[PDB]
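The block underneath contains the structure these notes are about, expressed in structure tokens.
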There are 2 protein chains.
Amino acid sequence: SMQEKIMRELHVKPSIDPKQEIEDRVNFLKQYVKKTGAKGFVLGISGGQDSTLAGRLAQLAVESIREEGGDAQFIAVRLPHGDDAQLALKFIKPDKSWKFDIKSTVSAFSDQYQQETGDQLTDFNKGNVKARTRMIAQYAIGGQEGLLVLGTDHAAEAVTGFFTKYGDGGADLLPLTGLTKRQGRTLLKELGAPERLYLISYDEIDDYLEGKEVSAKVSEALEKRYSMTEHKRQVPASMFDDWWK
Amino acid sequence: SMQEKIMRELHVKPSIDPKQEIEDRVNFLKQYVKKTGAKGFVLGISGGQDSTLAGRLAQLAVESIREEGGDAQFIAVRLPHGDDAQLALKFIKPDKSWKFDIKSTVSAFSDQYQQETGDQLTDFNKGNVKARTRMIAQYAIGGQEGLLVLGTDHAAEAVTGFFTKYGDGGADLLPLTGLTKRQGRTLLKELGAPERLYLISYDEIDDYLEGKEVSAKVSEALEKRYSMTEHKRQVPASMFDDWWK
Ligand SMILES: Nc1ncnc2c1ncn2[C@@H]1O[C@H](COP(=O)(O)OP(=O)(O)OC[C@@H]2O[C@@H]([n+]3cccc(C(=O)O)c3)[C@H](O)[C@H]2O)[C@@H](O)[C@H]1O
Ligand SMILES: Nc1ncnc2c1ncn2[C@@H]1O[C@H](COP(=O)(O)OP(=O)(O)OC[C@H]2O[C@@H]([n+]3cccc(C(=O)O)c3)[C@H](O)[C@H]2O)[C@@H](O)[C@H]1O
């Protein structure tokens with residue numbers, strides 16, 4: 001069963017206890033940060049469900065450590081290129097709120113590309129340049145502050161390879177691993193998040209991930225997109241690896 | 001033995017056959033391309049040993065693909081920030097030779113940094129932005145031209161994690177994996193490279209990786225640095241990973 005193997009590899013459960021998932025995940029963040037000796041975390045907050053869930057979990061993790069007598073801080077940054085993000089910040093309530101506007105770095109790069117090359121960066125290619133500029137901003141803040149960069153990647157986002165390689169894919173740790181989009185909505189409700197924040201088909205993708213009976217149409221499409229994106233789920237390939245064969 | 005253990009995880013051979021090494025690496029490049037249906041490669045050339053070896057190997061792979069009736073090309077890019085790179089291009093003889101100056105993109109980033117945070121990026125942190133900016137440059141080109149981005153990482157720098165995480169460490173495939181510094185120099189000599197292009201120390205780092213006997217001070221320093229940089233050789237950390245605990 002390819003569905004069983006994928007389900008296994010991405011760490012998806014068929015059923016979850018949301019309260020215990022919140023606990024398990026906050027504990028992972030605490031634990032990783034005490035192990036490494038880092039000062040806390042930094043995460044880009046966009047207004048979307050994922051970064052909202054991931055940011056609230058990081059504020060809870062940082063607060064528990066300070067309660068045990070340690071030093072930890074959480075920096076939430078807004079990364080615009082020139083309302084829900086603000087709603088997300090009122091809910092998360094981070095220790096610090098920053099902002100870094102990526103419009104001038106992206107422009108400078110575009111102009112240079114045309115100047116040097118003789119071509120315009122296509123929408124799709126400039127789209128990835130923005131995702132990668134935001135990575136650099138998060139790593140520059142973490143670098144300056146002694147913090148770890150959180151990633152908002154999860155299962156439904158992992159099966160489809162739906163993220164920019166080294167853009168939002170470039171992170172130090174990932175608290176939402178193994179969760180589906182629907183399971184991620186459950187946690188948010190448990191956390192008492194405003195509904196506006198958590199509200200083939202994505203719900204179809206969650207069904208397959210949760211081991212539910214799906215249509216071969218969907219199954220086959222999913223299993224091919226997966227093998228097609230394995231490279232984004234591994235470290236750069238060498239002749240000593242086999243997954244790409 | 002940790003010397004033995006690291007040597008194996010990094011794929012180093014105590015003894016190599018130079019000509020066979022070349023053929024194996026050219027064959028890896030050819031084989032990856034065929035499986036994925038890529039059009040070719042792109043790599044930043046700097047004048048140093050590593051980019052010079054990786055680049056000469058890409059060119060031979062690409063010339064060999066076409067002689068079999070295939071479609072492939074290699075673009076070598078100069079990535080200045082404001083003599084040997086020229087000598088290198090003269091030796092590699094790549095299909096296409098481009099250039100992208102990263103100074104304006106970096107100054108745009110640093111300027112907005114100070115403007116946003118009040119503080120200025122440390123020289124060290126500005127240097128990691130430059131490395132990450134060269135990855136965006138290469139990835140924009142591979143995206144616009146439909147090419148895979150080559151990486152220069154090899155065993156002599158993986159042990160020390162002597163690279164920028166998502167900067168020069170961000171690549172699609174790595175043809176120099178498992179080679180030590182002097183071993184790479186030996187490949188360049190087989191290929192007939194001009195001597196100026198290749199002319200803890202590296203000798204001690206290489207002796208350790210090649211399994212030669214070295215002083216306790218060397219093993220202690222390398223094994224410590226190796227442990228603290230494991231995150232650079234692994235996929236982002238999650239609660240289902242044991243390597244970090
Ligand atoms: N098989 C192969 N082996 C090794 N490397 C391979 C490769 N195939 C492509 N590549 C490389 O990977 C590339 C394509 O990947 P990438 O640059 O990521 O680009 P791409 O697949 O074009 O996807 C970037 C994006 O992911 C989505 N996105 C981005 C950011 C966030 C979210 C979200 O939902 O949060 C979604 C979206 O559809 C889009 O804007 C290449 O140009 C290439 O150099
Ligand atoms: N334990 C941990 N678990 C998960 N993630 C962790 C972490 N420890 C650090 N990190 C993270 O990774 C970071 C450090 O990695 P990174 O950003 O690469 O930075 P860092 O290791 O300081 O790299 C700067 C450099 O890499 C080297 N480099 C780069 C380019 C060229 C050359 C040259 O000399 O020509 C050398 C060299 O040692 C140096 O100049 C942190 O800011 C943090 O975000």
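Residues in the structure tokens are named by chain (A, B, ... in the order shown) and by number from 1 within that chain; ligands are numbered from 1 in the order shown.
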Would you pick out the contacts of residue 233 in chain B at 10 Å or less, using only C-alpha atoms, so that residues sharing its chain but fewer than 2 positions from it are not included, and give the list as a PDB file with N, CA, C and O atoms, in the first residue's frame?
ATOM      1  N   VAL A 235      18.171  16.068   1.614  1.00  0.00           N
ATOM      2  CA  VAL A 235      19.360  16.911   1.553  1.00  0.00           C
ATOM      3  C   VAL A 235      19.837  16.783   0.083  1.00  0.00           C
ATOM      4  O   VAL A 235      19.422  15.840  -0.589  1.00  0.00           O
ATOM      5  N   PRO A 236      20.627  17.752  -0.464  1.00  0.00           N
ATOM      6  CA  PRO A 236      21.071  17.624  -1.865  1.00  0.00           C
ATOM      7  C   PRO A 236      21.571  16.236  -2.209  1.00  0.00           C
ATOM      8  O   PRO A 236      22.288  15.620  -1.422  1.00  0.00           O
TER       9      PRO A 236
ATOM     10  N   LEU B  10      30.368  10.208   5.732  1.00  0.00           N
ATOM     11  CA  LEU B  10      30.752  11.215   4.754  1.00  0.00           C
ATOM     12  C   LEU B  10      31.247  10.620   3.421  1.00  0.00           C
ATOM     13  O   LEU B  10      31.620  11.348   2.507  1.00  0.00           O
ATOM     14  N   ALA B 158      32.280  19.413   4.892  1.00  0.00           N
ATOM     15  CA  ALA B 158      31.081  18.902   5.502  1.00  0.00           C
ATOM     16  C   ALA B 158      31.418  18.562   6.942  1.00  0.00           C
ATOM     17  O   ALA B 158      30.626  18.822   7.823  1.00  0.00           O
ATOM     18  N   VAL B 159      32.613  18.035   7.189  1.00  0.00           N
ATOM     19  CA  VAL B 159      32.999  17.662   8.557  1.00  0.00           C
ATOM     20  C   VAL B 159      32.991  18.824   9.479  1.00  0.00           C
ATOM     21  O   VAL B 159      32.804  18.648  10.680  1.00  0.00           O
ATOM     22  N   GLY B 161      31.283  21.678   8.740  1.00  0.00           N
ATOM     23  CA  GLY B 161      30.091  22.486   8.543  1.00  0.00           C
ATOM     24  C   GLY B 161      30.549  23.866   8.111  1.00  0.00           C
ATOM     25  O   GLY B 161      29.949  24.893   8.441  1.00  0.00           O
ATOM     26  N   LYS B 165      24.400  27.572   5.731  1.00  0.00           N
ATOM     27  CA  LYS B 165      23.174  26.802   5.734  1.00  0.00           C
ATOM     28  C   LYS B 165      22.136  27.585   4.871  1.00  0.00           C
ATOM     29  O   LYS B 165      21.693  28.667   5.263  1.00  0.00           O
ATOM     30  N   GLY B 169      25.282  26.050   0.754  1.00  0.00           N
ATOM     31  CA  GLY B 169      24.849  24.713   1.103  1.00  0.00           C
ATOM     32  C   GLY B 169      23.520  24.388   0.418  1.00  0.00           C
ATOM     33  O   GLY B 169      23.040  23.263   0.528  1.00  0.00           O
ATOM     34  N   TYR B 226      32.021  18.546  14.439  1.00  0.00           N
ATOM     35  CA  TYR B 226      31.126  17.664  13.705  1.00  0.00           C
ATOM     36  C   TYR B 226      29.789  17.492  14.427  1.00  0.00           C
ATOM     37  O   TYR B 226      28.724  17.614  13.818  1.00  0.00           O
ATOM     38  N   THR B 229      27.518  20.663  14.346  1.00  0.00           N
ATOM     39  CA  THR B 229      27.010  21.092  13.056  1.00  0.00           C
ATOM     40  C   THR B 229      26.149  20.055  12.313  1.00  0.00           C
ATOM     41  O   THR B 229      25.856  20.224  11.133  1.00  0.00           O
ATOM     42  N   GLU B 230      25.701  19.020  13.013  1.00  0.00           N
ATOM     43  CA  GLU B 230      24.899  17.950  12.417  1.00  0.00           C
ATOM     44  C   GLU B 230      23.629  18.480  11.760  1.00  0.00           C
ATOM     45  O   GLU B 230      23.103  17.893  10.803  1.00  0.00           O
ATOM     46  N   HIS B 231      23.115  19.582  12.297  1.00  0.00           N
ATOM     47  CA  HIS B 231      21.897  20.182  11.747  1.00  0.00           C
ATOM     48  C   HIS B 231      22.063  20.651  10.307  1.00  0.00           C
ATOM     49  O   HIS B 231      21.093  20.756   9.597  1.00  0.00           O
ATOM     50  N   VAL B 235      17.964  17.225   7.332  1.00  0.00           N
ATOM     51  CA  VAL B 235      16.732  17.936   6.929  1.00  0.00           C
ATOM     52  C   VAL B 235      16.244  18.636   8.233  1.00  0.00           C
ATOM     53  O   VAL B 235      16.581  18.174   9.331  1.00  0.00           O
ATOM     54  N   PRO B 236      15.465  19.744   8.138  1.00  0.00           N
ATOM     55  CA  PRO B 236      14.985  20.437   9.349  1.00  0.00           C
ATOM     56  C   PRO B 236      14.496  19.486  10.424  1.00  0.00           C
ATOM     57  O   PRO B 236      13.818  18.509  10.120  1.00  0.00           O
TER      58      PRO B 236
END
Enumerate residues in contact with ligand 2: an atom-to-atom distance of at most 9 Å, counting only C-alpha atoms and all ligand atoms. Format the result as a short mmCIF file (atom, residue, chain, number, x, y, z; two decimals) with N, CA, C and O atoms, in the first residue's frame.
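Output file out_19.cif is given in full below:
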data_model
loop_
_atom_site.label_atom_id
_atom_site.label_comp_id
_atom_site.auth_asym_id
_atom_site.auth_seq_id
_atom_site.Cartn_x
_atom_site.Cartn_y
_atom_site.Cartn_z
N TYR A 32 14.01 20.92 22.35
CA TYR A 32 15.05 21.17 21.36
C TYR A 32 15.87 22.39 21.74
O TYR A 32 17.10 22.40 21.62
N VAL A 33 15.20 23.42 22.23
CA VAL A 33 15.90 24.65 22.59
C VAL A 33 16.81 24.51 23.81
O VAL A 33 17.86 25.13 23.87
N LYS A 35 18.29 21.70 24.58
CA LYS A 35 19.37 20.84 24.09
C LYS A 35 20.46 21.61 23.39
O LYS A 35 21.64 21.36 23.60
N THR A 36 20.06 22.56 22.56
CA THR A 36 21.00 23.34 21.79
C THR A 36 21.56 24.57 22.48
O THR A 36 22.58 25.10 22.05
N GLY A 37 20.89 25.05 23.52
CA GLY A 37 21.34 26.25 24.20
C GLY A 37 20.95 27.57 23.51
O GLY A 37 21.47 28.62 23.86
N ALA A 38 20.05 27.53 22.53
CA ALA A 38 19.64 28.75 21.83
C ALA A 38 18.76 29.62 22.74
O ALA A 38 18.13 29.12 23.69
N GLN A 138 14.64 36.14 7.98
CA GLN A 138 14.47 35.34 9.18
C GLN A 138 15.83 34.84 9.70
O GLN A 138 16.09 34.86 10.90
N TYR A 139 16.74 34.44 8.82
CA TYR A 139 18.05 33.99 9.24
C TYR A 139 18.96 35.14 9.70
O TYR A 139 19.88 34.91 10.49
N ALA A 140 18.70 36.36 9.21
CA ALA A 140 19.50 37.53 9.59
C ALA A 140 19.04 37.95 10.95
O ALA A 140 19.86 38.29 11.78
N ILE A 141 17.75 37.88 11.22
CA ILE A 141 17.27 38.21 12.56
C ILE A 141 17.74 37.16 13.61
O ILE A 141 18.18 37.50 14.70
N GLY A 142 17.61 35.89 13.27
CA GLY A 142 18.02 34.83 14.16
C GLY A 142 19.51 34.92 14.43
O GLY A 142 20.00 34.66 15.54
N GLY A 143 20.24 35.25 13.37
CA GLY A 143 21.68 35.38 13.46
C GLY A 143 22.08 36.50 14.38
O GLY A 143 22.98 36.34 15.20
N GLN A 144 21.40 37.62 14.27
CA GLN A 144 21.68 38.78 15.09
C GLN A 144 21.23 38.59 16.52
O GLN A 144 21.92 39.03 17.44
N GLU A 145 20.15 37.84 16.71
CA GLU A 145 19.59 37.63 18.05
C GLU A 145 19.86 36.31 18.81
O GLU A 145 19.53 36.22 20.00
N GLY A 146 20.46 35.32 18.13
CA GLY A 146 20.77 34.04 18.77
C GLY A 146 19.57 33.12 18.86
O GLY A 146 19.49 32.27 19.74
N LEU A 147 18.69 33.19 17.85
CA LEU A 147 17.44 32.43 17.82
C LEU A 147 17.39 31.39 16.70
O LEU A 147 18.21 31.41 15.79
N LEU A 148 16.41 30.49 16.80
CA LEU A 148 16.17 29.41 15.84
C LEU A 148 14.98 29.79 14.94
O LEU A 148 14.02 30.40 15.38
N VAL A 149 15.03 29.38 13.69
CA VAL A 149 13.99 29.73 12.73
C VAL A 149 13.01 28.59 12.68
O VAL A 149 13.42 27.44 12.50
N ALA A 171 14.25 26.13 7.14
CA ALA A 171 14.04 26.37 8.56
C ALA A 171 14.96 25.45 9.46
O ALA A 171 15.64 24.53 8.96
N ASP A 172 15.00 25.71 10.78
CA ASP A 172 15.83 24.91 11.71
C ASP A 172 15.05 23.76 12.31
O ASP A 172 15.62 22.70 12.51
N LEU A 173 13.78 23.98 12.64
CA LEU A 173 12.89 22.97 13.22
C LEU A 173 11.44 23.18 12.78
O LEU A 173 11.06 24.28 12.44
N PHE B 124 30.07 39.72 9.82
CA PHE B 124 29.90 38.28 9.76
C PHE B 124 28.52 37.88 9.24
O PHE B 124 28.39 36.94 8.47
N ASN B 125 27.50 38.59 9.70
CA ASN B 125 26.13 38.32 9.32
C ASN B 125 25.82 38.85 7.94
O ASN B 125 24.94 38.30 7.25
N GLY B 127 28.09 38.81 5.66
CA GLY B 127 28.72 37.77 4.86
C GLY B 127 27.85 36.54 4.59
O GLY B 127 28.02 35.89 3.57
N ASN B 128 26.95 36.18 5.52
CA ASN B 128 26.05 35.03 5.33
C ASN B 128 24.89 35.45 4.40
O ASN B 128 24.25 34.62 3.78
N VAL B 129 24.58 36.74 4.36
CA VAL B 129 23.53 37.26 3.46
C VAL B 129 24.07 37.19 2.03
O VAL B 129 23.34 36.83 1.13
N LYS B 130 25.34 37.51 1.84
CA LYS B 130 25.99 37.45 0.53
C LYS B 130 26.01 36.04 -0.01
O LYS B 130 25.81 35.82 -1.18
N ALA B 131 26.31 35.07 0.83
CA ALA B 131 26.31 33.68 0.40
C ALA B 131 24.88 33.27 0.05
O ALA B 131 24.67 32.61 -0.95
N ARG B 132 23.90 33.62 0.88
CA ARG B 132 22.50 33.29 0.58
C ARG B 132 21.99 34.01 -0.71
O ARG B 132 21.13 33.50 -1.43
N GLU B 157 34.76 19.91 3.89
CA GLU B 157 34.02 21.04 4.45
C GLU B 157 32.72 20.65 5.14
O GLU B 157 32.14 21.43 5.89
N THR B 160 33.41 19.97 8.96
CA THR B 160 33.46 21.18 9.75
C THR B 160 32.20 22.05 9.63
O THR B 160 32.07 23.03 10.35
N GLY B 161 31.28 21.68 8.74
CA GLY B 161 30.09 22.49 8.54
C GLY B 161 30.55 23.87 8.11
O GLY B 161 29.95 24.89 8.44
N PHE B 162 31.64 23.89 7.36
CA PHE B 162 32.23 25.15 6.90
C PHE B 162 31.51 25.69 5.66
O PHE B 162 32.11 25.87 4.60
N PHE B 163 30.21 25.96 5.81
CA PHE B 163 29.43 26.49 4.71
C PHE B 163 28.21 27.16 5.28
O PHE B 163 27.91 26.97 6.45
N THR B 164 27.58 28.01 4.49
CA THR B 164 26.37 28.70 4.91
C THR B 164 25.14 27.80 4.66
O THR B 164 24.92 27.28 3.55
N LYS B 165 24.40 27.57 5.73
CA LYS B 165 23.17 26.80 5.73
C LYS B 165 22.14 27.59 4.87
O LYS B 165 21.69 28.67 5.26
N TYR B 166 21.77 27.02 3.71
CA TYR B 166 20.84 27.60 2.69
C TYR B 166 21.46 28.71 1.82
O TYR B 166 20.75 29.42 1.11
N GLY B 167 22.79 28.81 1.89
CA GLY B 167 23.57 29.75 1.09
C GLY B 167 24.27 28.85 0.09
O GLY B 167 23.61 28.29 -0.79
N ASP B 168 25.58 28.67 0.22
CA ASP B 168 26.26 27.75 -0.69
C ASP B 168 25.90 26.28 -0.40
O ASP B 168 26.12 25.39 -1.24
N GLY B 169 25.28 26.05 0.75
CA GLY B 169 24.85 24.71 1.10
C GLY B 169 23.52 24.39 0.42
O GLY B 169 23.04 23.26 0.53
N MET B 228 28.36 19.47 16.75
CA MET B 228 27.63 20.74 16.80
C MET B 228 27.09 21.25 15.45
O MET B 228 26.31 22.20 15.41
N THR B 229 27.52 20.66 14.35
CA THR B 229 27.01 21.09 13.06
C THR B 229 26.15 20.05 12.31
O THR B 229 25.86 20.22 11.13
N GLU B 230 25.70 19.02 13.01
CA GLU B 230 24.90 17.95 12.42
C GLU B 230 23.63 18.48 11.76
O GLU B 230 23.10 17.89 10.80
N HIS B 231 23.12 19.58 12.30
CA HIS B 231 21.90 20.18 11.75
C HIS B 231 22.06 20.65 10.31
O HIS B 231 21.09 20.76 9.60
N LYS B 232 23.29 20.95 9.90
CA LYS B 232 23.59 21.41 8.55
C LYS B 232 23.64 20.27 7.56
O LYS B 232 23.59 20.48 6.35
N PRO B 236 15.47 19.74 8.14
CA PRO B 236 14.99 20.44 9.35
C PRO B 236 14.50 19.49 10.42
O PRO B 236 13.82 18.51 10.12
N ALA B 237 14.81 19.79 11.68
CA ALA B 237 14.43 18.90 12.77
C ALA B 237 12.95 18.87 13.19
O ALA B 237 12.26 19.90 13.20
N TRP B 244 19.04 14.40 16.94
CA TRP B 244 19.30 15.60 17.72
C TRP B 244 19.25 15.45 19.26
O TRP B 244 19.89 16.24 19.99
#
Given the choices B:28, B:208, B:198, B:243, which gets closest to chain A if the distance is worked out from only C-alpha atoms?
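Among the listed residues, the smallest separation from chain A belongs to B:28.
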Calculated over only C-alpha atoms, which of the candidates A:74, A:113, A:91, A:41 has the smallest distance to chain B?
A:113
Close residues, residue 11 in chain A itself excluded, 9 Å, only C-alpha atoms, min 6 positions apart in chain, as JSON, numbers by chain:
{"A": [155, 177, 178, 179], "B": [240]}
